[PDB]
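Here is the structure we will look at, set down as structure tokens.
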Amino acid sequence: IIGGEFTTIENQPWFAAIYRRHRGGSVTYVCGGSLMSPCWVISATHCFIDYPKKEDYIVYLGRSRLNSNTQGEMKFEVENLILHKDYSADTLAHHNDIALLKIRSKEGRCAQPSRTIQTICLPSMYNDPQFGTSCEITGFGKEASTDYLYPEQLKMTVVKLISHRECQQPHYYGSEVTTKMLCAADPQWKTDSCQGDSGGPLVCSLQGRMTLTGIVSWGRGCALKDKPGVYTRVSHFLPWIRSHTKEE
Amino acid sequence: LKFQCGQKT
Ligand SMILES: NC(=[NH2+])c1cc2cccnc2s1
């Protein structure tokens with residue numbers, strides 16, 4: 001995240017950190033995600049696309065730091081990894097960039113509620129906040145686009161949703177942004193999501209609840225004027241999510 | 001206790 005403040009997981013208790021194991025001894029951070037129900041986390045397909053080998057990913061909940069432990073954290077394995085059939089990438093956008101990870105602990109359980117682990121709410125069928133609404137994004141992504149390391153402390157910032165008319169303007173992204181995406185930026189292009197924040201949540205309040213309105217998906221540069229961050233429009237995937245998720 | 005979506009404590 002560029003700008004923003006450093007936080008702790010109590011402030012984003014539904015944030016999931018996804019890492020990959022390497023034959024050699026190291027685990028590296030891959031992307032962020034959000035907990036929907038006790039056994040399912042949602043992220044972006046582009047994070048797995050290149051290495052869809054579920055056995056090699058580890059998911060942690062209750063984590064405020066990237067490579068040091070946080071007390072109360074939970075580690076899980078990915079029992080199922082569902083990528084979107086119809087996922088596409090072009091010279092900028094990712095289409096249908098949503099994925100589901102069903103988690104299983106080494107004891108056979110899903111997430112347990114704590115002060116650092118909570119689920120986030122899903123919107124209702126095609127229901128979104130109005131442009132102007134301030135939403136918060138969270139993650140361990142870069143703090144500057146030129147960095148080549150990620151922060152060790154979790155970050156969060158606030159951006160506002162902008163309309164499709166504004167985002168599809170030729171000097172922004174033109175028709176690379178579709179109806180299944182949402183764009184959010186800082187009025188003064190000072191804070192934004194960036195590489196390493198992929199898969200994480202764009203949370204806004206809708207009808208009284210903190211709702212997962214978008215998933216960090218792509219953007220040109222980071223915190224670049226007239227280059228908003230584009231997020232997957234969760235409200236438009238509800239049928240898809242439903243057809244794959246079940247029980248507690 | 002149990003999950004309450006969207007609640008920070
Ligand atoms: N919000 C942005 N400007 C983003 C830039 C990137 C770059 C890579 C992956 N995700 C994102 S979001």
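Going through the structure tokens in order, the chains are called A, B, and so on, while each chain numbers its residues from 1 and the ligands are numbered from 1 in the order shown.
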Using only C-alpha atoms, which residues sit within 9 Å of residue A:22 once same-chain residues fewer than 5 positions away are excluded, as a compact mmCIF listing (two decimals) with N, CA and C atoms, in the first residue's frame?
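Resulting contents of result_18.txt:
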```txt
# COMPACT_ATOMS: atom_id res chain seq x y z
N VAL A 27 9.63 -19.84 2.36
CA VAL A 27 8.18 -19.64 2.12
C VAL A 27 8.17 -18.17 1.69
N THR A 28 7.42 -17.81 0.70
CA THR A 28 7.40 -16.38 0.28
C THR A 28 5.93 -15.98 0.28
N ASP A 56 1.19 -26.62 -2.26
CA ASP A 56 2.35 -25.76 -1.88
C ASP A 56 1.98 -24.45 -1.26
```
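Within 9 Å of chain B, counting only C-alpha atoms, chain A contributes residues 10, 11, 12, 13, 14, 36, 37, 38, 112, 113, 114, 115, 116, 117, 118, 119, 120, 121, 122, 205, 209, 210, 211 and 212 of chain A.
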Output C-alpha atoms for every residue in that selection, as a compact mmCIF listing (two decimals), in the first residue's frame.
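What ended up in out07.txt:
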```
# COMPACT_ATOMS: atom_id res chain seq x y z
CA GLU A 10 -7.48 -6.59 15.11
CA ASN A 11 -8.32 -3.84 12.61
CA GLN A 12 -8.82 -6.25 9.68
CA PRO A 13 -9.63 -9.55 11.33
CA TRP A 14 -10.88 -11.08 8.05
CA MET A 36 -16.02 -15.35 3.84
CA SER A 37 -17.20 -18.20 6.05
CA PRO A 38 -15.23 -20.47 8.47
CA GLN A 112 -12.35 -20.29 14.71
CA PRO A 113 -13.58 -16.77 15.75
CA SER A 114 -11.17 -14.72 17.87
CA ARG A 115 -10.33 -11.01 18.37
CA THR A 116 -7.98 -11.25 15.40
CA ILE A 117 -9.99 -13.60 13.15
CA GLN A 118 -13.50 -12.61 11.86
CA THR A 119 -15.37 -13.02 8.53
CA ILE A 120 -16.33 -10.07 6.31
CA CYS A 121 -19.82 -9.78 4.75
CA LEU A 122 -20.65 -10.31 1.08
CA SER A 205 -20.04 -0.20 4.46
CA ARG A 209 -22.36 -3.73 7.33
CA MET A 210 -18.66 -3.78 6.42
CA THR A 211 -18.88 -5.49 3.06
CA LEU A 212 -16.15 -6.90 0.80
```
Could you name the residues that touch residue A:86 at 10 Å or less, counting only C-alpha atoms, but leaving out those on the same chain fewer than 3 positions away, as a short mmCIF file (atom, residue, chain, number, x, y, z; two decimals) with N, CA and C atoms, in the first residue's frame?
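Result file around.cif:
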```
data_model
loop_
_atom_site.label_atom_id
_atom_site.label_comp_id
_atom_site.auth_asym_id
_atom_site.auth_seq_id
_atom_site.Cartn_x
_atom_site.Cartn_y
_atom_site.Cartn_z
N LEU A 83 -10.22 -21.59 -9.18
CA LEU A 83 -9.82 -20.43 -10.01
C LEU A 83 -11.03 -20.21 -10.92
N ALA A 89 -6.35 -12.29 -19.07
CA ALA A 89 -5.45 -11.18 -18.72
C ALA A 89 -5.13 -10.57 -20.07
N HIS A 95 -9.58 -10.37 -16.11
CA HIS A 95 -11.06 -10.45 -16.18
C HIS A 95 -11.36 -11.64 -15.34
N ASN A 96 -12.49 -11.62 -14.69
CA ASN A 96 -12.97 -12.74 -13.79
C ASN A 96 -11.83 -13.12 -12.85
N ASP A 97 -11.24 -12.12 -12.26
CA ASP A 97 -10.10 -12.35 -11.33
C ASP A 97 -10.54 -12.61 -9.89
#
```
Could you give me the residues within 6 Å of ligand 1, counting only C-alpha atoms and all ligand atoms, as a list in words?
residues 192, 193, 194, 195, 198, 216, 217, 218, 219, 220, 221, 222, 223, 228 and 229 of chain A
Would you mind listing what lies within 7 Å of residue A:5 as number ranges by chain, with only C-alpha atoms counted and same-chain residues fewer than 3 positions away left out?
A: 155-157
Could you work out how far atom CA of residue A:201 lies from atom CA of residue A:135, giving the answer in Å with one decimal?
9.6 Å
To test your reading of the structure, identify every residue in stretch 123-207 of chain A that backbone DSSP assigns to strand (DSSP E), and report it as a ChimeraX atom specification.
/A:134-139,155-162,181-185,201-206
Within 10 Å of residue A:158 using only C-alpha atoms, minus same-chain residues under 6 positions, as JSON, numbers by chain:
{"A": [3, 4, 5, 133, 134, 135, 136, 137, 138, 184, 185, 186, 191, 192, 193, 202, 203, 204]}
For the residues in that selection, give me C-alpha atoms as a PDB file, in the first residue's frame.
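Saved as out-v7.pdb:
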```pdb
ATOM      1  CA  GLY A   3       0.749   5.901   2.054  1.00  0.00           C
ATOM      2  CA  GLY A   4      -1.657   4.491   4.564  1.00  0.00           C
ATOM      3  CA  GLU A   5      -0.899   3.697   8.146  1.00  0.00           C
ATOM      4  CA  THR A 133     -17.972   6.170  -0.717  1.00  0.00           C
ATOM      5  CA  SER A 134     -14.602   5.839   1.125  1.00  0.00           C
ATOM      6  CA  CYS A 135     -13.527   2.222   1.504  1.00  0.00           C
ATOM      7  CA  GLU A 136     -10.378   0.783   3.019  1.00  0.00           C
ATOM      8  CA  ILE A 137      -7.898  -1.596   1.436  1.00  0.00           C
ATOM      9  CA  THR A 138      -5.388  -3.553   3.443  1.00  0.00           C
ATOM     10  CA  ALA A 184     -11.120   3.349  -6.490  1.00  0.00           C
ATOM     11  CA  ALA A 185      -8.556   6.139  -6.002  1.00  0.00           C
ATOM     12  CA  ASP A 186      -7.456   8.898  -3.640  1.00  0.00           C
ATOM     13  CA  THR A 191      -2.336   6.471  -1.431  1.00  0.00           C
ATOM     14  CA  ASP A 192      -3.325   3.313  -3.391  1.00  0.00           C
ATOM     15  CA  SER A 193      -2.963  -0.507  -3.581  1.00  0.00           C
ATOM     16  CA  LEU A 202     -11.668  -3.297  -0.710  1.00  0.00           C
ATOM     17  CA  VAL A 203     -14.115  -3.006   2.263  1.00  0.00           C
ATOM     18  CA  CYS A 204     -16.954  -0.455   2.309  1.00  0.00           C
TER      19      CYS A 204
END
```
Given only C-alpha atoms as the counted atoms, nearest of A:34, A:65, A:93, A:52 to residue A:153:
A:65
Compile the contact shell of residue A:45 as an NGL selection string: residues with an atom at most 9 Å away, counting only C-alpha atoms, same-chain residues fewer than 6 positions apart removed.
:A and (82-84 or 87 or 94 or 96-100 or 199)
Generate the output file for the selected residues, N, CA and C atoms, as a short mmCIF file (atom, residue, chain, number, x, y, z; two decimals), in the first residue's frame.
```cif
data_model
loop_
_atom_site.label_atom_id
_atom_site.label_comp_id
_atom_site.auth_asym_id
_atom_site.auth_seq_id
_atom_site.Cartn_x
_atom_site.Cartn_y
_atom_site.Cartn_z
N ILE A 82 -10.04 -22.98 -6.12
CA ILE A 82 -10.98 -22.77 -7.26
C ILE A 82 -10.61 -21.47 -7.94
N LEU A 83 -10.22 -21.59 -9.18
CA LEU A 83 -9.82 -20.43 -10.01
C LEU A 83 -11.03 -20.21 -10.92
N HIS A 84 -11.15 -19.02 -11.45
CA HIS A 84 -12.33 -18.74 -12.33
C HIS A 84 -12.14 -19.24 -13.74
N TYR A 87 -11.09 -16.85 -16.72
CA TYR A 87 -10.13 -15.81 -16.23
C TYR A 87 -9.29 -15.39 -17.46
N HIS A 94 -7.26 -7.95 -15.93
CA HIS A 94 -7.41 -9.37 -15.56
C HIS A 94 -8.95 -9.38 -15.58
N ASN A 96 -12.49 -11.62 -14.69
CA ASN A 96 -12.97 -12.74 -13.79
C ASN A 96 -11.83 -13.12 -12.85
N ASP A 97 -11.24 -12.12 -12.26
CA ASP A 97 -10.10 -12.35 -11.33
C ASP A 97 -10.54 -12.61 -9.89
N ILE A 98 -11.16 -13.74 -9.68
CA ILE A 98 -11.63 -14.10 -8.32
C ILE A 98 -11.31 -15.60 -8.11
N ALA A 99 -10.93 -15.97 -6.93
CA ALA A 99 -10.60 -17.40 -6.63
C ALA A 99 -11.07 -17.69 -5.22
N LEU A 100 -11.31 -18.94 -4.95
CA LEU A 100 -11.78 -19.37 -3.60
C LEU A 100 -10.78 -20.41 -3.11
N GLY A 199 -5.41 -9.69 -4.47
CA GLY A 199 -6.25 -10.65 -3.72
C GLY A 199 -6.87 -10.12 -2.43
#
```
